[PDB]
């Protein structure tokens, strides 16, 4: 198979990461999905020490602990597995680290889980961070650049992606450094829409289309996927694949990206 890199976010709080591997092309047989993303770890805020820390809820932890059956199988099949990190309404966001060491300490926590769980990468989601809650500070120009610079330095061979949303996405340059080139991917966060990301990444690494499997109309799934190919873009973001029979929703896009229908096994 040849065509755009399809991504699939799984809300591991309700669904299994293994559903991503259950879809292959009816024609060549390649996978319907190329990247699988665990949704999602959090950036927590300790109001005592006034520091951010990484946090895995029970379901996310369970997935990580059991990488042998939940993550590894997908990787053996050729599907990359990323861990998405988002802010919480706790005040800690990717754009309000007060220093490089602040930004780096958190970066170290990300690559350590990545190295420890056999993950291929981390995805940044600057949503749900409510800067200012619990007395946290507002975003600044340095934070994101310090964190991406450190994480990238910590893991030069892994995937680092960005959800084009939140104060952090618009803060890629500081003290000279523009971190746009430290990202492997960037995608539209608005499901059922086409929005080209501003990040300075080649079209082949951008996904202006965003869809939610089972929510977005298959008509729109097909259109955005056709549009991805029409416009010469190389990534196609999908969100919320669950355990139901989504063969029709999946084919609505593989047909356009790859010219083949999908088949669930």
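Positions refer to the first chain, counted from 1.
Judged by mean Cα B factor in the deposited record, 150 to 158 ranks above the other of 150 to 158 and 80 to 88. Higher average CA B factor: 62 to 70, of the stretches 62 to 70 and 33 to 41.
Out of 94, 128, 131, 191, it is 128 whose C-alpha atom has the highest B-factor in the PDB entry.
Annotation for residue 27: C-alpha temperature factor in the highest third relative to the rest of the modelled chain, per the entry. Ranked by C-alpha B-factor against the other modelled residues of its chain, residue 265 falls in the highest third. Per the deposited record, the Cα B-factor of residue 206 falls in the lowest third when ranked against the other modelled residues of its chain. Among the modelled residues of the chain, residue 200 sits in the highest third by CA temperature factor in this PDB entry. Sort the modelled residues of the chain by CA B factor and residue 102 lands in the highest third.
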